[PDB]
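Chains as they are written, first to last, in the deposited numbering: chain E, 159 to 246, 252 to 284, 297 to 407, 530 to 845; chain D, 159 to 288, 295 to 410, 530 to 845; chain F, 159 to 245, 255 to 284, 298 to 410, 530 to 845.
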Amino acid sequence: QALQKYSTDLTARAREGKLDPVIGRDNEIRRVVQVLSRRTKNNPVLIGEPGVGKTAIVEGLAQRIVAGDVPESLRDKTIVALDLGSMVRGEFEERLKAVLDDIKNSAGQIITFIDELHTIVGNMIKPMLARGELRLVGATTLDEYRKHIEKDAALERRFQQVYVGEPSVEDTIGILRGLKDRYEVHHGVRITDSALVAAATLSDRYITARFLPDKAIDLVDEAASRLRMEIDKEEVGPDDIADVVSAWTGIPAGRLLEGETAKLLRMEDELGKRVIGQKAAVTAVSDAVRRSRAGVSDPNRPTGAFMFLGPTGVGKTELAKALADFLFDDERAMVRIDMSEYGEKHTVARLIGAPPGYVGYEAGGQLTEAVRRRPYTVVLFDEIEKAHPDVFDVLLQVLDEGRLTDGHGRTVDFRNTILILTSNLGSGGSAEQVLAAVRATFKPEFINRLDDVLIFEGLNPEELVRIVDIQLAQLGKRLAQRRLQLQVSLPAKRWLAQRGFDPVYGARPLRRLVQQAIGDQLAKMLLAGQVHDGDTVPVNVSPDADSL
Amino acid sequence: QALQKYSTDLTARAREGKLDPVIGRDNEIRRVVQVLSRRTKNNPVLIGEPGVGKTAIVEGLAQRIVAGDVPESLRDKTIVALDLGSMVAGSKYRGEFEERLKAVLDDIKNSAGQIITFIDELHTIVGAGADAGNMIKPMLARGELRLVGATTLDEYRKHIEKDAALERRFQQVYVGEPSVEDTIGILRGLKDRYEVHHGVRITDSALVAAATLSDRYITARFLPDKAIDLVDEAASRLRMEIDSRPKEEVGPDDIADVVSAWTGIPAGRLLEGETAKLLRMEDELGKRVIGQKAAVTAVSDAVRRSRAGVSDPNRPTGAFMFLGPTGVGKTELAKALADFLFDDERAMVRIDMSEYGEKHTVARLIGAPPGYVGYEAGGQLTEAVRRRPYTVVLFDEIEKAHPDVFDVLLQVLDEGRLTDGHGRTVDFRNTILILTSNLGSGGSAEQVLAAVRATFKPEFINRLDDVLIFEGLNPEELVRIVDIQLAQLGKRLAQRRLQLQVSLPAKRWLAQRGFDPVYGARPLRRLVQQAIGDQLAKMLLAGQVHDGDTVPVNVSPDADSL
Amino acid sequence: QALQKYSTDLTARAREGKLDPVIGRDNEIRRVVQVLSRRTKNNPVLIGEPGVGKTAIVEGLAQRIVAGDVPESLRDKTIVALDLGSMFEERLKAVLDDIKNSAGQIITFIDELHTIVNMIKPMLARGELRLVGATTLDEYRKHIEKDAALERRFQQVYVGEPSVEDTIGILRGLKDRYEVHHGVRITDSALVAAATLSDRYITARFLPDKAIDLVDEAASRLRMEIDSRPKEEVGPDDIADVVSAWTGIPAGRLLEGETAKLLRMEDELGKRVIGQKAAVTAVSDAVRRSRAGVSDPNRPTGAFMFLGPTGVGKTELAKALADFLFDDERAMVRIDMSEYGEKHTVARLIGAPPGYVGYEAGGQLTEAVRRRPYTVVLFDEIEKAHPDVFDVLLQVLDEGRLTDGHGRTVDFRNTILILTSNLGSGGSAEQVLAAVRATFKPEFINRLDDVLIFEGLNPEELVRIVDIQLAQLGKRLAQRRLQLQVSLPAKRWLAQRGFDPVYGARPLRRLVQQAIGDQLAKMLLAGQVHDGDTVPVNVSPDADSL
Ligand SMILES: Nc1ncnc2c1ncn2[C@@H]1O[C@H](COP(=O)(O)OP(=O)(O)OP(O)(O)=S)[C@@H](O)[C@H]1O
Ligand SMILES: Nc1ncnc2c1ncn2[C@@H]1O[C@H](COP(=O)(O)OP(=O)(O)OP(O)(O)=S)[C@@H](O)[C@H]1O
Ligand SMILES: Nc1ncnc2c1ncn2[C@@H]1O[C@H](COP(=O)(O)OP(=O)(O)OP(O)(O)=S)[C@@H](O)[C@H]1O
Ligand SMILES: Nc1ncnc2c1ncn2[C@@H]1O[C@H](COP(=O)(O)OP(=O)(O)OP(O)(O)=S)[C@@H](O)[C@H]1O
Ligand SMILES: Nc1ncnc2c1ncn2[C@@H]1O[C@H](COP(=O)(O)OP(=O)(O)O)[C@@H](O)[C@H]1O
Ligand SMILES: Nc1ncnc2c1ncn2[C@@H]1O[C@H](COP(=O)(O)OP(=O)(O)O)[C@@H](O)[C@H]1O
């Protein structure tokens, strides 16, 4: 008791009850008390993620001790904690000597407890430990333990691992409903099982950074404190927590609800807000994605394997960029891999990378290393017609079983991704020879496993005004730093169509063609004068070109 | 008062009887003595792979000194357990560890030559520098202190042999691991300590079974403690089972229970229920593999022999290669087997030999030599098998990889050996290698048994076991195949509450269309999908179908309909 | 009660009404009290940068406490502070005894507790003192980030710096304290000028304090110029003046002589770079769209890469760019990406982390851009570097900052980024297009400006190059006063002879040297061409005599 100033007790304060009961996880306690009852390789170590209940388990064991249920060997033996962030160059070993000598002259079996000892281990506790007078019960995380206790240890022969992965939704619900009254007297508002389960499921699904047993308690206590402060509604409810989750992540409370009906019914113009025209294609793709997640298709298949070809610049990619945006909440998800370099027989191994020990190994394959991470992407395939007739075997293997093999040896999974095989075939035919050319060029049976093979319909000579109109609505945001508004006039706006189409690349220059013109033609006025932040900047169609 | 707070007295500890009774190893104690009794440079160092008892010899020497069984110039020497973890620990100044080390050395050399010293794990002697662990050499190479040490092979080579002028002052005593008989002796010697600690009893048959199993199934650690740990584990488990629960001694099958409770190997003596399952195998496997009566008996007999106790302990549990016409159920038989003895279809290690048409692609299942790109990662197959040493290896369609990959299996088989990049070795002694093919393609048994000979080599066909040939799909049993497929579909339709009322003519037309003689039952799952699943999907999201309805099917004159 | 001297009070000052002006951040105060009235992860800390007003945050918290908008457990809570000017370990026990023995009613506020973290850890383990603090992000991340013992009792609360509309009233509340020393008038124009000028350009300090120091130095400058040799009030002029004298980046209304040069950049730069009309147009449109305030606020004010055939001007253009903005060539940061042939050379431009041999040396890029953050960086031969520095540049683009070994963050939102290479060198347009798309990933080229292409030299373009080289040689051998006399036939002869359209202009320098300097240096050491002389040259049948 001489230097008990860097150490807290667990049984003394247990004699008062300032701890929390840890109902659940009764296997781990039995495993630990069994390990601690051996003769060699005793003093186990708790291995698990941060925020899972390791301290909870050791406290539950402490409470079972103070009650008295364990074998009388372990009975009548106290526990003492330690905090290492208080010890830490030097004199850390001096205080280590002090505490170890204290334990040693205590002359008993007073168990210790050392949290995150991966900062402690070194050679100073092994001569103490391989003698049988002290019992240390530590804790750390999996990969960290694999670091400090495997390379420089040579001590792992005297440490026994114990695994505590994570509780489930149903278990953390029981945990919450056990730990409810304490807060109903801390603040005291009211609690609803609907609120508890909503917190559990929503945290599990959307707060993908922290973990369950502490993550749920954090949100619940935060909502309770907010609703106690709000009195500056005497209950907490599902909305009373969804508001907090929305404030936390950024996604509003609306979309944080039922994710099947109210989502698969949003396959409407919500796409057409980014894509223009091609409503037939949007409808076909929406039906394909709706029926795919019904729950009757085979569980090993891409979530969609359709392709679309024809004229460029119509927004072929734009459909996919909007599609990934709506589904996976990001448009920086699709990955475009051109099928141009893959015109050689040998280069098919570029998108995998076969051997360990050859040129391209560490970089991985172009396709897999960009899929095994972020398994939610939307892969694109430009000019699928120019790829050698050997990658199509790879594609077959993809859309015949939702998995593939890289070179490292890993297995990449494709059962919740979307394939899109763009092209440029069909330059002359409307709907009669384009399908015949697609049948003849590709293997006519490989196409069978594909979904709808729709062709994008051309842009109406009128329906360029809508695309350029979204373009103008966008570029209106550009000069929001000086609030200089812009003009609109059908002659000027339609003047962009016949002079910016150039029907070989569709509408790719239609952004630069107008942005450089208007921006850099007004950029001198923006420094000289002639405008302030209420002026329509009336631009007109001069006899030849677009001056102001 | 110098070596009083940096050292204990191992001799006095042994006098207090609190040490373990070493049994055997008289050769090494005699060698250590006849080295420690030299004139100059008398410092033995016990060397050997970790776990084999490199300290136990020093405790034995201490016990022998205390008892008085040593030569004339070795009596009453009081060997000392020195330590450096508590000398270099608290010192933050210039030249402070030196005063402590010099005080210890001075206290040694003042007394007569009767303070024989013992530093354990002396690979911690070269550091402490910043000229440390190096001022000791002038006293080492003159016979002033004795310094019995103990270090592992790896640490020795890595830490000392880089300091040659210091290694000269040492002598090596290669402490090799003991054999099974010596292990049984040691275990029988130590039995009483655990029998007293845990209030249970331990049987000699249990000790023998422990010393025999711990050598055949845990091939990563070493014997004299690898065995003892099992006895301790089983004693503790029996203690816990006795207590806390309102024929009280360990048995020779509780050890098998432990050594199967980890490493996954089902090693045992056929406890009840297991024998019922094994006897009930050919039929229990038939519910997933209709057809192929000849093959199932062979694999079943292999498993039976392997688990009954009559099989060569150093060779795989079977190396079958079955081949036949396309779409007959080869891969499916393998998967059904793995599902039988694991109930986990994704717990086997299949590798697709269709990818290895190139020569150099073999490196994925071996690794890379030292000094190349992927070296510390290992080999795919070797890594997958080093853990889970009970899987069912598969070689999908081994006819593509050109005849060089046949020169690794050539010794994987018949020994269960393989060596990856780091130079390790793995054991395939309790796996079931299975490698399909498609040689033949229509030809009779004597037109495909020529393809095998002209494709492989005698050194290869001689390795593997019976070359099972698969028959063709009988035109009748396809009704049961369609039955299986509809059962799997109904199993997929369980999140909802749907059932099916499949009619006999519909089932007949199904088994009739999509079994073309060249491809077997392969175009059946896709047909079932495109004729039931999509038709239902177009019919469920648009009303007119709801969960609970026992959906019937019809045999309309056109393609099948509801 | 025995803490009144070692620690000041915020309960007496609350009633006595004297308080620094507080405005806004009421939602932050509400968040503070909401997290204070919790059971776990209570008593937060403040994260930010120097010049937020976090002491002001807790002061407004105290004023609202004494006014009364609190929950039931906050009967004025008598919040206090712990003076770090109270600095052995024996006094601290009794100093903390009053806080411990309290009912959690004299909770303290440890301003800048970053380094305090032995004694207070167990004293906090029981949940009796709040010790709400105020620190910064760097100190949070280097001090209290990895320790899992204390991250269970601290829930950070981020703060927003730029609040121009309220900084107006802040100045209104602080203008008085500077009109007494400086007998000057800082008009409302000066208030809203300090508010809306130094934010985007002087992003080295922060708005609430850099704006205070701006008006402070402006009032000092005005009281200075009041005397004999230099206006009677601060307006929109002295503010911009002080904007210029900070970090070198110029930013005002207009320097009344810079608007002409900027309109004339293309023409002025054509006398040092020759040809490349598209290139000069694009490189000119890039800086004018920035100096006027049109460009986007979170981006380097210039970043693009060009390539093509050799000997065309890919480096000369960037060198002229460094010339026309700083008036000297040495004011360019140039690092050649050729030596970065291995992976582990990333720390050469980043600095090795604490604990290794070269630790105080610092990087080669981040250290040169941290101080004086306006120069132009030249990444010569970017194609040669290991394809991992490309990932650092990935962060650099569209984000505008990077971290080095010590853990500090530097800014890149006002510099120019030049990268060059010669990918392909034989492909006309499509080969090189696919090559640049394939060597760098499309997610890195996405962010860039136009990737330019240089076209190559032609006959009409080489006579001007010859004239430039001859003027340069004159400038060189002017210090022996041997000014040249060259004939137009010889000029055209050189421009014709050195023309080959595969190497560009370097053969022209080679020919100039080997043709003139040979004979000139032969004569100059044998006499007869002594100083103060004018040598003629004339086209001989093959050579050109002197
Ligand atoms: N089964 C449980 N019963 C009671 N409380 C639990 C349970 N599981 C988790 N908790 C609580 O969840 C919180 C997590 O505490 P910790 O045990 O420290 O977390 P951890 O997962 O063990 O990792 P650390 O220690 O936070 S790094 C504590 O408030 C526990 O009381
Ligand atoms: N001949 C023996 N007689 C009695 N017990 C033995 C004998 N050999 C080994 N043991 C026991 O087996 C275990 C071996 O432990 P140690 O020899 O102390 O470990 P070690 O040999 O020092 O190996 P390292 O390098 O320290 S991991 C102990 O439990 C010993 O009691
Ligand atoms: N006797 C059988 N019992 C059950 N399913 C069978 C049987 N014979 C064939 N099948 C089915 O036939 C299909 C093809 O079986 P697989 O074994 O996967 O093909 P395969 O044997 O690998 O032939 P190849 O040469 O590899 S294409 C699967 O859907 C099996 O379920
Ligand atoms: N348009 C130009 N204007 C002025 N000097 C030029 C021009 N083009 C080439 N030169 C000269 O020719 C030489 C080429 O200079 P650099 O720009 O360094 O070469 P480069 O064009 O960058 O090609 P590389 O890839 O760097 S070798 C220098 O001596 C320049 O002065
Ligand atoms: N339906 C559309 N909706 C919105 N923008 C479009 C649409 N079609 C074309 N665009 C514009 O035209 C450009 C060309 O799109 P895209 O088809 O991806 O080019 P490419 O033909 O090179 O694939 C896009 O940058 C986009 O801004
Ligand atoms: N919102 C505000 N309005 C007026 N004056 C303020 C405001 N915030 C702070 N101040 C005053 O200006 C100074 C800002 O310095 P300080 O608060 O120490 O910066 P930091 O928050 O970085 O520590 C304070 O001394 C305070 O008296």
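Backbone N, C-alpha and C fix where the C-beta goes; we use that ideal spot for every residue, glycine too.
Residue i: CB within 7 Å of a non-hydrogen atom of ligand 3
{"i": "D:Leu807", "result": "yes"}
{"i": "E:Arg310", "result": "no"}
Proximity test, residue i beta-carbon vs ligand 4 heavy atom, cut-off 7 Å
{"i": "F:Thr609", "result": "yes"}
{"i": "F:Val731", "result": "no"}
{"i": "D:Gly661", "result": "no"}
{"i": "F:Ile767", "result": "yes"}
Near ligand 5: residue i beta-carbon under 7 Å from a heavy atom
{"i": "E:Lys613", "result": "yes"}
{"i": "E:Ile764", "result": "yes"}
{"i": "E:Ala804", "result": "yes"}
{"i": "E:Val572", "result": "yes"}
Paired residues, beta bridge with residue i - DSSP
{"i": "E:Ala602", "result": "E:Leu716"}
{"i": "F:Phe678", "result": "F:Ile634, F:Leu718"}
{"i": "D:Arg365", "result": "D:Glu532"}
{"i": "D:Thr166", "result": "D:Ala239"}
Residue i Cβ short of 7 Å to ligand 6 heavy atom set
{"i": "F:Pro342", "result": "no"}
{"i": "F:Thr213", "result": "yes"}
{"i": "F:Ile350", "result": "yes"}
{"i": "F:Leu387", "result": "no"}
{"i": "E:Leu280", "result": "no"}
{"i": "F:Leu354", "result": "yes"}
Beta-carbon gap between residue i and residue j smaller than 8 Å
{"i": "D:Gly612", "j": "D:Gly574", "result": "yes"}
{"i": "F:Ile274", "j": "F:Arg310", "result": "yes"}
{"i": "F:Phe739", "j": "F:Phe678", "result": "no"}
{"i": "D:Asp264", "j": "D:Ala160", "result": "yes"}
{"i": "E:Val193", "j": "E:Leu219", "result": "no"}
Near ligand 1: residue i beta-carbon under 7 Å from a heavy atom
{"i": "E:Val203", "result": "no"}
heavy atom of ligand 2 below 7 Å from residue i C-beta
{"i": "D:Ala239", "result": "no"}
Checklist entry - At which residue ranges does the stretch 706-742 of chain D contain complete beta strand (DSSP E) runs of 3 or more residues, listed in the order of the chain? => result 716-718
Checklist entry - Which ranges would you report for the beta strand (DSSP E) in the stretch 300-355 of chain E if only whole runs of at least 3 residues count? => result 313-315, 335-339
Checklist entry - What residue ranges within the stretch 197-273 of chain D form continuous alpha helix (DSSP H) runs of no fewer than 4 residues, ordered along the chain? => result 214-225, 255-268
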